[PDB]
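Structure first, then comments.
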Amino acid sequence: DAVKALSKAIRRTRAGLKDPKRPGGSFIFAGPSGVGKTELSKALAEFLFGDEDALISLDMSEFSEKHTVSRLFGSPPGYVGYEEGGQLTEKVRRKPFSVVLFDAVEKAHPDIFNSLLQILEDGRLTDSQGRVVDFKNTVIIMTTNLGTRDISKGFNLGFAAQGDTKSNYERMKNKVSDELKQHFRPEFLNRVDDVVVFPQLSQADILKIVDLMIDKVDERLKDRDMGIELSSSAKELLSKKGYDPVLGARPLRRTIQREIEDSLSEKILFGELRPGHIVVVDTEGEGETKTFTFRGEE
Amino acid sequence: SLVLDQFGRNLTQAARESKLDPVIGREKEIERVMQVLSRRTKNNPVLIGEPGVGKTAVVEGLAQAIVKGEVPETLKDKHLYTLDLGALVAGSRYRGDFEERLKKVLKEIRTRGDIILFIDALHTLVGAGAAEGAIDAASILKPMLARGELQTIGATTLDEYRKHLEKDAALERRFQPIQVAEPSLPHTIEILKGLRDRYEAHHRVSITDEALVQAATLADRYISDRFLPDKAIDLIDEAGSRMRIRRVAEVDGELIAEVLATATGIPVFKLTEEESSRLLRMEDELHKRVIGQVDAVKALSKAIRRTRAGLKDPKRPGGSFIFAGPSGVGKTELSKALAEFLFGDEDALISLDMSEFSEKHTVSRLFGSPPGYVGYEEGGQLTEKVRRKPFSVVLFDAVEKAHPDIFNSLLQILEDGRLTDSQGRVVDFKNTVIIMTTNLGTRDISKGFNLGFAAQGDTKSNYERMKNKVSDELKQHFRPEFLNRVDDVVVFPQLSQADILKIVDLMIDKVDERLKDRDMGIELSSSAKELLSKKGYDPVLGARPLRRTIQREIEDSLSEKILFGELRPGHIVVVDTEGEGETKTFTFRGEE
Amino acid sequence: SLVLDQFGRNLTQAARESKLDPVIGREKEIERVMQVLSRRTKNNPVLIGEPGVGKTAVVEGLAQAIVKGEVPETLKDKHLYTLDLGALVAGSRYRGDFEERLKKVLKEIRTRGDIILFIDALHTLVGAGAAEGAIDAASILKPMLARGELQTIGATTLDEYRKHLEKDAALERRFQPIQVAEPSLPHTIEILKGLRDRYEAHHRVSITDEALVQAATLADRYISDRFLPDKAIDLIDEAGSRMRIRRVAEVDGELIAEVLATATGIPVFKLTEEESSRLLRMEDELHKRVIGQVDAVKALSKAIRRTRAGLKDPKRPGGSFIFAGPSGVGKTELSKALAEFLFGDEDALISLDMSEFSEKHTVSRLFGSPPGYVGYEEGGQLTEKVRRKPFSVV
Ligand SMILES: Nc1ncnc2c1ncn2[C@@H]1O[C@H](COP(=O)(O)OP(=O)(O)OP(=O)(O)O)[C@@H](O)[C@H]1O
Ligand SMILES: Nc1ncnc2c1ncn2[C@@H]1O[C@H](COP(=O)(O)OP(=O)(O)OP(=O)(O)O)[C@@H](O)[C@H]1O
Ligand SMILES: Nc1ncnc2c1ncn2[C@@H]1O[C@H](COP(=O)(O)OP(=O)(O)OP(=O)(O)O)[C@@H](O)[C@H]1O
Ligand SMILES: Nc1ncnc2c1ncn2[C@@H]1O[C@H](COP(=O)(O)OP(=O)(O)OP(=O)(O)O)[C@@H](O)[C@H]1O
Ligand SMILES: Nc1ncnc2c1ncn2[C@@H]1O[C@H](COP(=O)(O)OP(=O)(O)O)[C@@H](O)[C@H]1O
Ligand SMILES: [Mg+2]
Ligand SMILES: [Mg+2]
Ligand SMILES: [Mg+2]
Ligand SMILES: [Mg+2]
């Protein structure tokens, strides 16, 4: 859903139909942690500009005090730091076509939202210099992790029926939307183009993430003339071990670094796996007592 | 052209003499410069970009192309002169001298016609002669730039352009800005390939392709305050200089890694037979100081040998650990031991006492003051400490005693491995090891059990009961995402009698080291050690009470003797025990 | 060179006259400085370190090495000149005077190729030129530094390197920073042994072997705001000066301990028989003010005796006590009596009334305000008191 919404916004902007008074897109991502809210922003930045480092990312946890708005506006006249403008405004001014990202926007001071209302409707912002900076060609994304304690709990009080993947997502979406409505001002939520709630990851989704993570590990290994290959049973075991229906794909990464990366490290240190070799990982055993086996070939 | 070259340099002649380094991959920027130079009005561009990206290299390549004749017919043979500001001012002592010098130069430009001016520090043009003469060296240049009969090229960084040129709206519209971007990795590799031949002769060496690739990648990854085309170049230059000073004379990846490791201190050099010093031996080295905590030592050793043996996540710190458990079990001792193992001295640890962060605003001690507020001139303390020493061990002591709205600032450090200074600078934490020590879910262990009837239970059961309670306390205290971005959570079991009997040896060795300054020593016969371990077991307070015993049972008595003159330098004290029922005698005898 | 001699000082000639103190144990720093200097494009090293770790000593050792015949090629017979930057700006009354000096000296450097410039306090290079219509020396020196026709060695402390040299990134990128680390204890011992011969001659005294170890250890342990290679030298030199003012001459560790005790106030000097007897009768001395309460007086006496006997843990306070009791039994009187016995009276006690600390947000009275808040420069109230008097009773 989020990919479709983002692609629709990009296509609409590129076809000469987007509103010339507002930014190209305004999205609020919400849901559990480790689902891929930040990964989508990096993927979009890499698609648009060819490199994920072209993303203007702000960590809003550093804006927990009301007097830190000058960090993105600039100091008032006559004060220290007037020679340097707002950190965000200069970056946007140099690159009018860019992607702006606000991580954990709910952890910042409410006064921060005071600024965003100018961007989301008027599409321009004014710094202490008196200059006006336009945001009409940017894509604004706010990632939010609100109400996440309830997802960890799961279900509600009572005799809830045996539900499917549809019901759980609907309940989570309702709870997250209610939390967003309660926490934020009505004006801010009214001006945002899209509010996308990321559903949980399924067991089938985990296998492809295992493939990607093992590809990353192989990329790391290629720097020393080395490679890794996994059988289907190994990937199945990894998906079984690393599945967590609450915390997302991070437990899978921890499992991969604990079961595969560590043993590879001792084997490399011991001199078993010299450069110019390939590591083959397979499974041995049955039931819950299955164990990975590592072998070296040329 | 005497007035020209006596106040400038002929870049075209230098290019004809092949005294300029080759320029690679700047075809688009040079083409845009030539495009702008051909405009009817306002035909003078200015190159803006971060320092070190090669803004002057674009003009160098333009001069080389003009010499080689691949330029449009509108340029063809036009001499490119770099203006030497300051040489104009070097003699303008009397009134109206800098002005006449500049007017003579400009009239020469008009008469000869085929000259392109290059002003390196264009922001220094404003107020070059703002003296009693009161001309500013730019108030008179404005009409020519406006009409377009004078063609110049400028090259200033973004900050200087914003601070100086952007103030004057008049000069703002006379120039056309051109962005010069930082080259990517393959572009830097091509640049290194081109400059390799030139760099061979100076150092009389040979450089491999693998050396170039390694230099580019390592410069991109491990150096943070410099920009890409320069870091690879100066790494190659320093490696060549090292190889030359050492004297086939060839450089490769290992030499580049050694140079980079020496420069920054990050251990990126090759693995010699010291890999045995960490394989199967790091745990023993740690256990020589920390007794009876196998899980945490194993986790730390795994993390260190993972980050040393190649594969490791290049976007996240080396490891992140939460040490939980009872009081006085060795949580801080393990961090100190790890710091000593890694750096040779426990003073290299970067420790933060979180008990001083009980208030929300104290977070400014990590970041620094925001712009326009007092104290903004100096940055955050933690950020500066990490920036000076990229590879270090950071400890957050008594983590639970700080305000909950503090660790929100740790979210980007743990997952993304960076922290943004209040001045806008980014400091990377990707080479550090983060340890957080806590004491949550422990206050009730003094009595045991929760309430009501309970099962039989044993030592394993009590440990399992404590672990779940600590995990629940952590979950209800920390946000789920913060615990999600944590590599390991390690719970420390309480110490046992054998652990105390082993710890008394370490404490007695410390007392012996204290006495060695004034040329004495101590013995502590085995029965005395066993009795000392017997007094002060107390499996609720860890190894601290035992220390108190050693304080009040040994080093008091010795002190009295030292004050009385009973025992002097050149003697040692032998301690033994007497009696059976209470066996509490601790007889001291002084012998040479 | 006459042109250079007007503004600057020749380090090589001074080293040839044995007017520079010997430099010990800085092989790695000198090696890396020579490594950077023999480069092609940016051979301009800058030494960054703490104020006192011996940055200038590294350069003086480099001068002694280059005039010894013990340096690699492309550096033999080079001449190190320390540039002033004070005489250059002096006598720059009219426009185009300061720049004229730099152009002249730079042309002299170009003509005489075997010259290396050395600039103390490189941070003042930026902006050193002038206000109004005059470009600074940094702008003049930028073209030559980047291309590599002017070797230059700079030296700044970390704070001033970060606070001044980092507002001009274009100038900063033309220097390769080298970090000079504070020496360890054995390295400090070696440095003291090396400088013992030079420091004996000025005072015409003798320094025993144990005195160096005592000075190094005591300076490393009991002085906080200074850095190691300087404080031990300060101790040795001041002891020598003291005893020559007192007057074969021999300086032993006891003089060092007495000098440090006088300087800081912490009693580290040797125990006399009178002092030992007083410490043994401390209980009777304290009972002249407090009647009864034997256990507390005994505990305090035991703590003080551990401190004076040299068995105190060097990482923790001398003693920590909780006096719990009813009203009007002598809890505060005992503290006042201990303070009077220790220093000179009950007025030296650092007393804090916890009745004022009722609100949990009053902790700032111990620390101070965080950066960007009112009262930030005042500092802590307890921390300042303890820093002024390291040996006190809180
Ligand atoms: N859909 C996905 N596809 C691939 N990788 C994923 C996906 N979701 C999560 N990951 C992986 O999870 C890790 C972190 O995910 P990410 O940062 O995108 O999560 P998030 O939603 O931003 O979480 P948080 O709430 O903690 O900010 C990365 O290793 C990333 O590759
Ligand atoms: N395209 C390129 N091809 C070859 N070498 C290059 C290129 N770009 C930069 N360099 C090299 O990078 C180094 C520094 O570049 P340069 O001096 O042009 O930077 P600059 O942008 O003018 O920076 P500064 O702000 O210091 O003036 C030089 O050694 C130069 O040869
Ligand atoms: N396993 C151990 N091995 C050696 N010494 C130990 C051990 N555990 C505790 N100690 C000793 O106990 C004293 C204090 O222990 P430490 O500072 O490590 O405690 P901690 O676990 O961090 O406790 P707290 O929760 O009070 O911070 C030190 O003298 C230390 O040497
Ligand atoms: N043991 C004692 N010897 C001499 N005078 C004593 C003794 N105990 C109390 N006093 C007298 O008590 C008065 C003050 O008592 P002090 O301040 O020591 O009380 P305290 O025990 O600290 O009680 P509180 O703080 O609860 O009021 C003085 O006049 C002091 O002489
Ligand atoms: N390696 C060394 N060997 C001998 N003496 C040294 C060494 N390093 C420093 N010193 C001494 O320590 C003192 C440090 O002074 P100085 O160099 O001015 O400090 P800074 O480097 O901070 O300017 C000098 O007087 C010098 O004699
Ligand atoms: Mg995220
Ligand atoms: Mg340049
Ligand atoms: Mg601790
Ligand atoms: Mg009282």
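Residues are referred to by chain and number: the chain letter is A, B, ... according to the order shown in the structure tokens, the number counts from 1 in that chain, and ligands are numbered separately from 1 in the order shown.
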
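Once only C-alpha atoms and all ligand atoms are used for the distance check, the residues close to ligand 6 at 8 Å turn out to be residues 33, 34, 36, 37, 38, 39, 103, 104 and 143 of chain A.
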
*Pick out the residues sitting within 12 Å of residue 131 (chain A), and hand them over as a VMD selection string; count only C-alpha atoms, and ignore anything fewer than 3 positions along from it in its own chain.*
(chain A and resid 73 to 74 85 to 86 89 to 90 93 124 to 128 134) or (chain B and resid 166 to 167)

Save the residues we just selected, N, CA and C atoms, as a CSV table (one decimal), in the first residue's frame?
chain,number,residue,atom,x,y,z
A,73,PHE,N,15.6,27.2,11.7
A,73,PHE,CA,15.3,28.6,11.3
A,73,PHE,C,16.5,29.5,11.1
A,74,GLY,N,17.4,29.4,12.1
A,74,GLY,CA,18.5,30.4,12.2
A,74,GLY,C,18.2,31.3,13.4
A,85,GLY,N,22.5,30.4,8.3
A,85,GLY,CA,21.1,30.3,8.3
A,85,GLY,C,20.6,29.0,8.9
A,86,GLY,N,19.3,28.7,8.7
A,86,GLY,CA,18.8,27.5,9.2
A,86,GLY,C,19.4,26.3,8.5
A,89,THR,N,16.8,24.9,6.0
A,89,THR,CA,16.4,25.8,4.9
A,89,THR,C,17.5,25.9,3.9
A,90,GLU,N,18.8,26.0,4.3
A,90,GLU,CA,19.8,26.1,3.3
A,90,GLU,C,19.9,24.8,2.5
A,93,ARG,N,17.1,24.9,0.0
A,93,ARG,CA,17.4,26.0,-1.0
A,93,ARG,C,18.4,25.5,-2.0
A,124,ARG,N,5.8,27.3,1.4
A,124,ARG,CA,7.0,28.1,1.6
A,124,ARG,C,7.3,28.3,3.1
A,125,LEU,N,8.6,28.6,3.4
A,125,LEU,CA,9.0,28.9,4.7
A,125,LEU,C,9.9,30.1,4.8
A,126,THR,N,9.9,30.8,5.9
A,126,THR,CA,10.7,32.0,6.0
A,126,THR,C,11.6,31.9,7.2
A,127,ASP,N,12.9,32.2,7.0
A,127,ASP,CA,13.9,32.1,8.0
A,127,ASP,C,14.1,33.5,8.6
A,128,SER,N,15.0,33.6,9.6
A,128,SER,CA,15.3,34.8,10.3
A,128,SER,C,15.8,35.9,9.4
A,134,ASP,N,11.1,28.0,-0.7
A,134,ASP,CA,10.0,27.2,-1.2
A,134,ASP,C,10.2,25.7,-1.0
B,166,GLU,N,26.1,36.7,-1.0
B,166,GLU,CA,24.6,36.8,-1.0
B,166,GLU,C,24.1,38.0,-0.2
B,167,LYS,N,25.0,38.7,0.6
B,167,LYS,CA,24.6,39.9,1.2
B,167,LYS,C,24.4,41.0,0.1

*asked:* At a cut-off of 7 Å, which residues of chain C touch chain B? Count only C-alpha atoms and give the answer as number ranges by chain.
replied: C: 35-36, 38-40, 72, 94-97, 99-100, 132-135, 169-170, 276, 302, 305-306, 309, 311, 370-372

If you keep N, CA and C atoms, can you produce a file of those selected residues as a compact mmCIF listing (two decimals), in the first residue's frame?
# COMPACT_ATOMS: atom_id res chain seq x y z
N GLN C 35 57.29 11.78 7.46
CA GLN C 35 56.51 11.08 6.45
C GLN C 35 55.57 12.03 5.72
N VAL C 36 54.88 12.90 6.47
CA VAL C 36 53.96 13.85 5.85
C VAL C 36 54.73 14.91 5.08
N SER C 38 57.45 14.74 3.42
CA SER C 38 57.94 14.25 2.14
C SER C 38 56.81 13.77 1.24
N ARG C 39 55.81 14.62 1.06
CA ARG C 39 54.68 14.32 0.19
C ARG C 39 54.74 15.23 -1.04
N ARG C 40 53.75 15.10 -1.92
CA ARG C 40 53.77 15.82 -3.19
C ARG C 40 52.88 17.05 -3.21
N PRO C 72 65.94 11.07 6.70
CA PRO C 72 65.96 10.55 5.32
C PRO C 72 66.23 11.63 4.29
N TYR C 94 50.12 51.64 7.21
CA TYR C 94 49.44 52.05 5.99
C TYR C 94 48.91 50.85 5.22
N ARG C 95 48.02 51.13 4.27
CA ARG C 95 47.46 50.08 3.43
C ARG C 95 48.54 49.43 2.59
N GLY C 96 48.43 48.11 2.41
CA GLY C 96 49.39 47.39 1.60
C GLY C 96 50.78 47.29 2.20
N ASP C 97 50.89 47.33 3.52
CA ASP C 97 52.15 47.11 4.21
C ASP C 97 52.29 45.69 4.71
N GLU C 99 50.75 42.96 3.60
CA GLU C 99 50.86 42.06 2.46
C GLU C 99 52.23 42.15 1.80
N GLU C 100 52.81 43.36 1.79
CA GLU C 100 54.12 43.54 1.18
C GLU C 100 55.17 42.69 1.89
N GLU C 132 38.36 45.58 7.13
CA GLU C 132 38.19 46.42 5.95
C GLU C 132 38.91 45.88 4.71
N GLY C 133 39.51 46.76 3.92
CA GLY C 133 40.09 46.35 2.65
C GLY C 133 41.47 45.73 2.74
N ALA C 134 41.54 44.53 3.31
CA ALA C 134 42.81 43.81 3.40
C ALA C 134 42.51 42.33 3.60
N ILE C 135 43.09 41.49 2.76
CA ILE C 135 42.92 40.04 2.88
C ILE C 135 43.91 39.50 3.90
N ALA C 169 37.10 26.12 6.49
CA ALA C 169 37.37 24.75 6.04
C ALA C 169 38.37 24.72 4.89
N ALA C 170 38.37 25.75 4.04
CA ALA C 170 39.31 25.78 2.93
C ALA C 170 40.75 25.79 3.42
N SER C 276 53.11 10.92 64.31
CA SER C 276 52.64 9.57 64.59
C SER C 276 51.99 9.49 65.97
N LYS C 302 40.23 5.65 62.89
CA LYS C 302 40.70 4.56 62.04
C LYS C 302 40.77 5.00 60.59
N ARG C 305 43.77 7.28 60.18
CA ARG C 305 45.02 6.53 60.28
C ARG C 305 45.27 5.70 59.02
N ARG C 306 44.21 5.14 58.43
CA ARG C 306 44.38 4.47 57.14
C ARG C 306 44.85 5.45 56.08
N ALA C 309 48.59 6.32 56.85
CA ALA C 309 49.52 5.21 56.75
C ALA C 309 49.81 4.80 55.32
N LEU C 311 47.53 3.32 53.17
CA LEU C 311 46.75 2.17 52.77
C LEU C 311 45.40 2.55 52.18
N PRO C 370 22.76 23.49 32.58
CA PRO C 370 23.28 22.94 31.32
C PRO C 370 23.53 24.04 30.32
N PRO C 371 24.30 23.77 29.26
CA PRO C 371 24.59 24.82 28.28
C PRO C 371 23.32 25.40 27.68
N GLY C 372 23.32 26.72 27.49
CA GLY C 372 22.17 27.41 26.96
C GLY C 372 21.12 27.79 27.99

*Environment of ligand 5 within 10 Å, counting only C-alpha atoms and all ligand atoms, reported as number ranges by chain*: C: 20-27, 29, 47-61, 120-121, 155-157, 180, 182-183, 187-188, 190-196, 227-234

Can I get the selected residues back with N, CA and C atoms, as a CSV table (one decimal), in the first residue's frame?
chain,number,residue,atom,x,y,z
C,20,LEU,N,68.6,23.9,22.8
C,20,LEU,CA,67.3,23.2,22.9
C,20,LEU,C,67.4,22.0,23.8
C,21,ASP,N,66.4,21.8,24.7
C,21,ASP,CA,66.4,20.7,25.6
C,21,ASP,C,66.2,19.4,24.9
C,22,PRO,N,66.8,18.3,25.3
C,22,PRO,CA,66.7,17.1,24.6
C,22,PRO,C,65.3,16.5,24.6
C,23,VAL,N,64.9,15.8,23.6
C,23,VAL,CA,63.6,15.2,23.4
C,23,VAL,C,63.7,13.7,23.3
C,24,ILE,N,62.9,13.1,24.2
C,24,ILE,CA,63.1,11.6,24.4
C,24,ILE,C,61.7,10.9,24.2
C,25,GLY,N,61.8,9.8,23.4
C,25,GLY,CA,60.6,9.0,23.3
C,25,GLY,C,59.6,9.4,22.3
C,26,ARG,N,59.9,10.3,21.4
C,26,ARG,CA,59.0,10.8,20.4
C,26,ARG,C,59.3,10.4,19.0
C,27,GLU,N,59.8,9.1,18.9
C,27,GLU,CA,60.2,8.6,17.6
C,27,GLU,C,59.0,8.5,16.6
C,29,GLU,N,56.1,10.2,16.5
C,29,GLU,CA,55.6,11.5,16.1
C,29,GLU,C,56.6,12.1,15.1
C,47,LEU,N,50.2,19.7,14.4
C,47,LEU,CA,50.2,18.9,15.6
C,47,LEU,C,49.1,19.4,16.5
C,48,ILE,N,48.2,18.5,16.9
C,48,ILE,CA,47.1,18.8,17.8
C,48,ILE,C,47.2,18.0,19.0
C,49,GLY,N,47.0,18.6,20.2
C,49,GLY,CA,47.2,17.9,21.4
C,49,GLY,C,46.7,18.7,22.6
C,50,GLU,N,46.9,18.2,23.8
C,50,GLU,CA,46.5,19.0,25.0
C,50,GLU,C,47.6,20.0,25.3
C,51,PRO,N,47.2,21.1,26.0
C,51,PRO,CA,48.2,22.1,26.3
C,51,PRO,C,49.2,21.8,27.3
C,52,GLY,N,50.3,21.1,26.9
C,52,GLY,CA,51.3,20.7,27.8
C,52,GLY,C,51.9,19.4,27.5
C,53,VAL,N,51.4,18.7,26.5
C,53,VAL,CA,51.9,17.3,26.2
C,53,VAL,C,53.2,17.3,25.4
C,54,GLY,N,53.7,18.5,25.0
C,54,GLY,CA,55.0,18.5,24.3
C,54,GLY,C,54.9,18.6,22.8
C,55,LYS,N,54.1,19.4,22.3
C,55,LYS,CA,54.0,19.5,20.8
C,55,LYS,C,55.2,20.3,20.3
C,56,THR,N,55.6,21.4,20.9
C,56,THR,CA,56.8,22.1,20.4
C,56,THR,C,58.1,21.3,20.6
C,57,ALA,N,58.1,20.4,21.6
C,57,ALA,CA,59.3,19.6,21.8
C,57,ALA,C,59.5,18.6,20.7
C,58,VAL,N,58.4,18.2,20.1
C,58,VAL,CA,58.5,17.3,18.9
C,58,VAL,C,59.2,18.0,17.8
C,59,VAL,N,58.9,19.3,17.5
C,59,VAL,CA,59.5,20.1,16.5
C,59,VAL,C,60.9,20.4,16.8
C,60,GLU,N,61.2,20.7,18.1
C,60,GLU,CA,62.6,20.9,18.4
C,60,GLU,C,63.5,19.6,18.3
C,61,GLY,N,62.9,18.5,18.6
C,61,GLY,CA,63.6,17.2,18.3
C,61,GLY,C,63.8,17.0,16.9
C,120,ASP,N,53.9,28.5,15.6
C,120,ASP,CA,53.2,28.2,16.8
C,120,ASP,C,51.8,29.0,16.8
C,121,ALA,N,50.9,28.3,17.4
C,121,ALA,CA,49.5,28.9,17.5
C,121,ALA,C,49.0,29.2,16.1
C,155,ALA,N,51.0,24.0,14.9
C,155,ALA,CA,50.8,23.3,16.2
C,155,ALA,C,49.7,24.1,16.9
C,156,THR,N,48.6,23.4,17.3
C,156,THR,CA,47.5,24.0,18.0
C,156,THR,C,47.0,23.0,19.0
C,157,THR,N,46.3,23.5,20.1
C,157,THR,CA,45.6,22.6,21.0
C,157,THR,C,44.3,22.2,20.3
C,180,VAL,N,49.3,14.3,19.1
C,180,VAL,CA,50.3,14.0,20.1
C,180,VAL,C,49.7,13.6,21.4
C,182,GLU,N,49.3,12.2,25.3
C,182,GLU,CA,50.0,12.5,26.6
C,182,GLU,C,50.8,11.2,27.0
C,183,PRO,N,52.1,11.4,27.4
C,183,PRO,CA,52.9,10.3,27.7
C,183,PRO,C,52.4,9.5,28.9
C,187,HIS,N,57.2,6.6,30.4
C,187,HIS,CA,57.7,7.6,29.4
C,187,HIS,C,58.0,8.8,30.2
C,188,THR,N,57.2,9.2,31.1
C,188,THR,CA,57.5,10.4,31.9
C,188,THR,C,58.8,10.2,32.7
C,190,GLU,N,61.3,8.3,31.9
C,190,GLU,CA,62.4,8.5,30.9
C,190,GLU,C,62.7,9.9,30.6
C,191,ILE,N,61.6,10.7,30.4
C,191,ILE,CA,61.8,12.1,30.1
C,191,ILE,C,62.5,12.8,31.2
C,192,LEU,N,62.1,12.5,32.5
C,192,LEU,CA,62.7,13.1,33.6
C,192,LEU,C,64.2,12.7,33.7
C,193,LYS,N,64.5,11.5,33.5
C,193,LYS,CA,65.9,11.1,33.5
C,193,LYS,C,66.7,11.8,32.4
C,194,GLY,N,66.1,12.0,31.3
C,194,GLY,CA,66.8,12.7,30.2
C,194,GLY,C,67.1,14.2,30.6
C,195,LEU,N,66.1,14.8,31.2
C,195,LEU,CA,66.2,16.2,31.5
C,195,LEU,C,66.9,16.5,32.9
C,196,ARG,N,67.2,15.4,33.6
C,196,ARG,CA,67.8,15.6,34.9
C,196,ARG,C,69.2,16.3,34.8
C,227,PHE,N,48.7,18.6,32.8
C,227,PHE,CA,49.0,17.4,32.0
C,227,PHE,C,50.4,16.9,32.3
C,228,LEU,N,50.6,15.6,32.2
C,228,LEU,CA,51.6,14.8,32.9
C,228,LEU,C,53.1,15.3,32.6
C,229,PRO,N,53.5,15.5,31.3
C,229,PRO,CA,54.9,15.7,31.1
C,229,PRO,C,55.4,17.1,31.6
C,230,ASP,N,54.5,18.0,31.9
C,230,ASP,CA,54.8,19.3,32.4
C,230,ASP,C,54.8,19.4,34.0
C,231,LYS,N,53.8,18.7,34.6
C,231,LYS,CA,53.7,18.8,36.1
C,231,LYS,C,54.8,18.2,36.8
C,232,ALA,N,55.3,17.0,36.3
C,232,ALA,CA,56.5,16.4,37.0
C,232,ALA,C,57.7,17.3,36.9
C,233,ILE,N,57.9,17.9,35.7
C,233,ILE,CA,59.0,18.8,35.5
C,233,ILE,C,58.9,20.0,36.4
C,234,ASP,N,57.7,20.5,36.6
C,234,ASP,CA,57.4,21.6,37.5
C,234,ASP,C,57.8,21.2,38.9

*Expected selection as a ChimeraX atom specification for ligand 1 within 9 Å, only C-alpha atoms and all ligand atoms*: /A:29-42,103-104,143-145,148,198,201,205-206,208-210,212-213,247-253 /B:411,415-416,480-482,484-485

*ligand 2: which residues are within 6 Å, counting only C-alpha atoms and all ligand atoms, as JSON, numbers by chain?*
{"B": [21, 22, 23, 24, 25, 26, 51, 52, 53, 54, 55, 56, 57, 191, 229, 230], "C": [170]}

Could you write out that same residue set with N, CA and C atoms as a tab-separated table (two decimals), in the first residue's frame?
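The result, stored in part-v2.tsv:
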chain	number	residue	atom	x	y	z
B	21	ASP	N	47.91	19.02	-13.44
B	21	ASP	CA	47.43	17.65	-13.33
B	21	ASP	C	46.23	17.43	-14.25
B	22	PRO	N	46.07	16.22	-14.78
B	22	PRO	CA	44.93	15.94	-15.66
B	22	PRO	C	43.61	16.01	-14.91
B	23	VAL	N	42.56	16.36	-15.65
B	23	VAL	CA	41.21	16.46	-15.12
B	23	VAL	C	40.34	15.43	-15.82
B	24	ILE	N	39.58	14.66	-15.04
B	24	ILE	CA	38.86	13.49	-15.54
B	24	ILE	C	37.40	13.58	-15.12
B	25	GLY	N	36.50	13.33	-16.06
B	25	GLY	CA	35.10	13.17	-15.74
B	25	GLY	C	34.33	14.44	-15.48
B	26	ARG	N	34.93	15.61	-15.74
B	26	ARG	CA	34.26	16.88	-15.54
B	26	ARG	C	33.75	17.46	-16.86
B	51	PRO	N	34.52	22.28	-0.03
B	51	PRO	CA	35.97	22.31	-0.21
B	51	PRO	C	36.52	20.94	-0.57
B	52	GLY	N	37.49	20.93	-1.49
B	52	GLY	CA	38.17	19.71	-1.86
B	52	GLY	C	37.55	18.93	-3.00
B	53	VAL	N	36.37	19.33	-3.48
B	53	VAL	CA	35.71	18.57	-4.54
B	53	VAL	C	36.30	18.81	-5.92
B	54	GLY	N	37.14	19.83	-6.07
B	54	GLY	CA	37.79	20.07	-7.34
B	54	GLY	C	37.20	21.21	-8.15
B	55	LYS	N	36.85	22.31	-7.47
B	55	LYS	CA	36.35	23.48	-8.18
B	55	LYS	C	37.43	24.09	-9.07
B	56	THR	N	38.66	24.16	-8.57
B	56	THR	CA	39.76	24.67	-9.39
B	56	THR	C	40.12	23.69	-10.50
B	57	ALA	N	39.89	22.39	-10.28
B	57	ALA	CA	40.18	21.40	-11.31
B	57	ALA	C	39.34	21.62	-12.56
B	191	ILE	N	39.59	8.92	-11.30
B	191	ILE	CA	40.50	10.03	-11.03
B	191	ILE	C	41.83	9.51	-10.50
B	229	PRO	N	37.24	13.24	-3.35
B	229	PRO	CA	38.39	13.23	-4.27
B	229	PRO	C	39.72	13.51	-3.61
B	230	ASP	N	39.73	14.11	-2.42
B	230	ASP	CA	40.98	14.50	-1.78
B	230	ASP	C	41.52	13.43	-0.84
C	170	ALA	N	38.37	25.75	4.04
C	170	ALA	CA	39.31	25.78	2.93
C	170	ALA	C	40.75	25.79	3.42

*Would you name the residues within 10 Å of ligand 8, counting only C-alpha atoms and all ligand atoms, and put them as a list in words?*
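Checking only C-alpha atoms and all ligand atoms against ligand 8 at 10 Å gives residues 323, 327, 328, 329, 330, 331, 332, 333, 334, 335, 353, 396, 397, 398, 436, 437, 438 and 439 of chain B.
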